[PDB]
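Notes for the structure review
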Amino acid sequence: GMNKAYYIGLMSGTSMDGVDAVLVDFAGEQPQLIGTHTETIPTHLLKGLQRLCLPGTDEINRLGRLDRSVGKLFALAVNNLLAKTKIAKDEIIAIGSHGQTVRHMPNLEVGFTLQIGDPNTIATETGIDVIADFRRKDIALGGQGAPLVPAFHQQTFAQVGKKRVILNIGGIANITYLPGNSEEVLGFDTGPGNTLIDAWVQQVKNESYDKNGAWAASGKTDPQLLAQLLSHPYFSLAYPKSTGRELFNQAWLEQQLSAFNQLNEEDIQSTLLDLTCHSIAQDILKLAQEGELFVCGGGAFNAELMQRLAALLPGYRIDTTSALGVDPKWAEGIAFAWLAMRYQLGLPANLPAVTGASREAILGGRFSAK
Ligand SMILES: [Cl-]
Ligand SMILES: [Cl-]
Ligand SMILES: [Cl-]
């Protein structure tokens, strides 16, 4: 557009909430969010994606097929975003697509990360160039491949004179530390965000999530369970660190609970919420005892989580990223649009102090719509 610099960002989280699609203008000083869209993952594709953890079921062939399917769903998400915003595909510079994570294993001897959602398919079915596959360059340089939001967070949320934490509560929670001086930006996965509280409410209540943490609020934390969960070696690891689904998952949880079979389900729920809150708070208080905390992702909307976090961080002012003018629901999609913009402009996006990569590098691959 006319002094517009339109990018699309596409993110499909590990929690299966859908493909989030954002149309962002980066021509100005702050990102301007133009339009948003969530594309529902159809249940046949949801089941396929779940099967990728079922051994002896032709998982590689299934991966290749679903990579195509996810690509088609990401393109549909783009096209539905264009139908609601009514901006021509030709006005879009590039799509920044995270894809959908299937494996994240940065700490194997030979480290790797695996996102599907074929960027050739997205480019073909949208008519817009695609920048995708952002994590693998960071891994190639010895990094965790994650989090990648911190450089975006520094540019968008940092305030000279203020120590800020940006906390994204997805399946896994990650913090960005923005010290508010010459000092380096930090960031890492603290541990579980919503992944375990979601798994437990799905198991017991067959709801997809615990709305506003109200079920957690009805229960009482078991201190023995909490202490045991918090003793996982992951929480004692130094940053840079990230984790996917290999540590905090249903199988792990079920084995953790195999002495607490007679606990009330709502007490387990409360305890799992506290695992998230306490692991996050502990990490934040190691960076600074006082500051400003800005929350984004699904957990920003959980009022029980937010007040528990408030009680744990009395020296913090606590808000969602809304206070900094960025919708908590859309923050992560915007970051991926920003990642495409960085590529477009030939600029690096990872940070060595964040991921452990040996240097800042240009992230992603470009797939032509032509
Ligand atoms: Cl399938
Ligand atoms: Cl086709
Ligand atoms: Cl990230």
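Residues numbered from 1 in each chain as written, not as in the entry; some residues may be left out. Chains lettered and ligands numbered in written order. Heavy atoms only, no water.

Regarding how it was determined, this PDB entry cites X-ray crystallography in its header, along with a resolution of 2.30 Å.

Looking at the overall build of the protein chain
Stated precisely, the cut-off is as follows: Labels follow the DSSP assignment, with helices taken as runs of H or I lasting at least four residues and strands as runs of E lasting at least two, numbered in each case from the N terminus. What the globule rule says is 2.2 Å times the number of residues to the power 0.38, and the radius of gyration is computed from C-alpha atoms. Think of it in three bands: with a 1.4 Å probe and only protein chains considered, a residue is buried below 20% of the maximum accessible area for its type, exposed above 50%, and partly exposed in between. All accessibility values rest on the Shrake-Rupley procedure with a 1.4 Å probe; residue burial counts only the protein chains present in the view. Only four residue types enter the charge count: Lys and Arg as positive, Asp and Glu as negative, with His and the chain ends excluded. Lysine's charge is taken at NZ, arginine's at CZ, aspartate's at CG and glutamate's at CD.
Looking only at helices and strands, the protein chain features 13 helices and 12 strands. Computed over its C-alpha atoms, the radius of gyration of the protein chain comes to 20 Å, within 12% of the 21 Å expected for a compact globule of 370 residues. Here the protein chain holds 370 residues, and the buried ones make up 55% of them. With the model as given, the accessible surface of the protein chain reaches about 16,200 Å², and the carbon-plus-sulfur share is 49%. Averaging the positions of the 30 positive and the 37 negative side-chain charges in the protein chain gives two centres separated by 5 Å.

Quick word on the sheet that holds strand β9 (residues 186–192)
Stated formally: Pairing between strands requires that DSSP locate at least two bridges from one strand to the other. Between N-to-C directions, angles cover 0 to 180 degrees, with each direction set by a line fitted to C-alpha atoms, over the stretch in contact for helices. Throughout, a residue-residue contact means that at least one pair of heavy atoms, one from each residue, lies within 4.5 Å.
In space, the five strands of this open sheet follow the order β9-β8-β7-β10-β11, with mixed pairing throughout. Because the sheet does not close on itself, it has two edges, and the strands there are β9 and β11 (316–320). When strand polarity is set aside, the average angle formed by the axes of neighbouring strands in this sheet is 20 degrees. Bridge count between strand β7 (residues 164–169) and strand β10 (residues 291–296): five bridges; the pairing is parallel. In the sheet register, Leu167 faces β10, and the bridge partner there is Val295. In the packing of helix α10 (residues 265–287) onto the sheet, contacts are made with β7, β8 (172–178), β9, β10 and β11, and the angle to β9 comes to roughly 155 degrees.

A closer look at the environment of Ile280
Relative to the assigned elements, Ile280 resides in helix α10. Measuring from C-alpha to C-alpha, the distance between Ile280 and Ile139 comes to 25 Å, with 141 residues separating the pair along the chain. Contact partners of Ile280, with chain neighbours within four places excluded, come to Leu167, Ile169, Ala173, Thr190 and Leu309.

Quick look at helix α12 (residues 331–344)
Rules: An expected span of 1.5 Å times one less than the residue number is assigned to each helix.
Compared with an ideal rise of 1.5 Å per residue, which puts 14 residues at 20 Å, α12 spans 20 Å between its outermost C-alpha atoms and is within 8% of the ideal. Across the 14 residues of α12, 11 count as buried, placing the element largely inside the fold. Listing the buried residues of α12 in full gives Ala331, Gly333, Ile334, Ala335, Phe336, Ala337, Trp338, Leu339, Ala340, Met341 and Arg342. Trailing α12 by a residue or two, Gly346 shows a phi angle of about 70 degrees, which is positive.

A closer look at the domain arrangement of the protein chain
Heads up, the condition is: Where each domain starts and ends comes from a domain assignment, either automatic or drawn from a database. The buried area of a pairing is the accessible area, by a 1.4 Å probe, that goes missing from both parts when the two are put together, added over both. Each salt bridge in this description consists of a side-chain nitrogen of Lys or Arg and a carboxyl oxygen of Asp or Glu lying within 4 Å of one another. In the analysis that follows, any N or O atom pair within 3.5 Å is treated as a polar contact, provided that within protein one partner can donate a hydrogen and the other can accept it, and provided that, for residues neighboring in sequence, both atoms belong to side chains.
By the assigned domains, the protein chain splits into domain 1 (1–145 + 330–370) and domain 2 (146–329). For domain 1 versus domain 2, the distance between C-alpha centres works out to 24 Å. Here domain 1 meets domain 2 over a buried area of about 2,500 Å², counting both sides, of which 59% is carbon and sulfur. Sorting the residues of domain 1 by area buried against domain 2 places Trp330, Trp338 and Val354 first, and these three jointly supply 24% of that buried surface. Linking domain 1 with domain 2 are zero salt bridges. Along the contact surface separating domain 1 from domain 2 lie nine residue pairs in polar contact.

Here's the deal with the pairing of strand β2 (residues 19–25)
Summarising burial for β2: seven of the seven residues are buried, a large majority. Across the two faces of β2 the burial is the same, with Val19, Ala21, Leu23 and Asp25 and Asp20, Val22 and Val24 all buried. Direction of pairing for strand β1 (residues 6–12) relative to β2: antiparallel, over a ladder of seven bridges. By the bridge assignment for β2, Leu10 is matched with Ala21. Between β1 and β2, which pair antiparallel one after the other, the connecting turn spans six residues, and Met16 there sits at a positive phi close to 70 degrees. Alignment of β2 against strand β3 (residues 32–39), held across seven bridges, turns out to be antiparallel. Across the sheet, residue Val22 finds its bridge partner in β3, namely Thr36. Taking the residues that link successive antiparallel strands as the turn, the β2-β3 hairpin has six residues.

A closer look at the pattern of salt bridges
A complete count under the given rule lists 10 salt bridges for this structure. Residues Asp90 and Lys89 are paired through a salt bridge, measuring 3.0 Å at the closest nitrogen-oxygen approach. Look at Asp90 and you get exposed, because its relative accessible area is 65%. Under the relative-accessibility criterion, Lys89 is labelled partly exposed at 32%. Connected through shared salt-bridge partners, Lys162, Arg164, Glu292, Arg317 and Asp319 make up one network.

With respect to the nonpolar core
The condition that has to hold: What makes a nonpolar core is a set of buried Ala, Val, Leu, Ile, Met, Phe, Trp, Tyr and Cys residues whose side-chain atoms join them at distances within 4.5 Å.
Ranked by size, the top nonpolar core spans 44 residues in total, and within it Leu167, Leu272, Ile284, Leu293 and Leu309 carry the most contacts. Those residues in contact with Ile284 that lie beyond four places of it in its chain are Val165, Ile175, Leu293, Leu313 and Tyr316. Counting 34 residues, the second largest nonpolar core, distinct from the first, contains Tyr7, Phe26, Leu339 and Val354.

Points about the UniProt feature "binding site: ATP" in the protein chain
Rules: UniProt positions are given in the numbering used here, feature names are shortened, and annotations may be inferred rather than shown by experiment.
When the UniProt feature table is mapped to this numbering, "binding site: ATP" covers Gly13, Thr14, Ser15, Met16, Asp17, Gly18, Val19 and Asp20. Within the secondary structure, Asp17 is located in the loop between β1 and β2. A distance of 3.0 Å separates a polar atom in the side chain of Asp17 from a polar atom in the side chain of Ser15. The contacts of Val19, once residues within four sequence positions are left out, are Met11, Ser12, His37, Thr38, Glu39, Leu73, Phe74 and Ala77.

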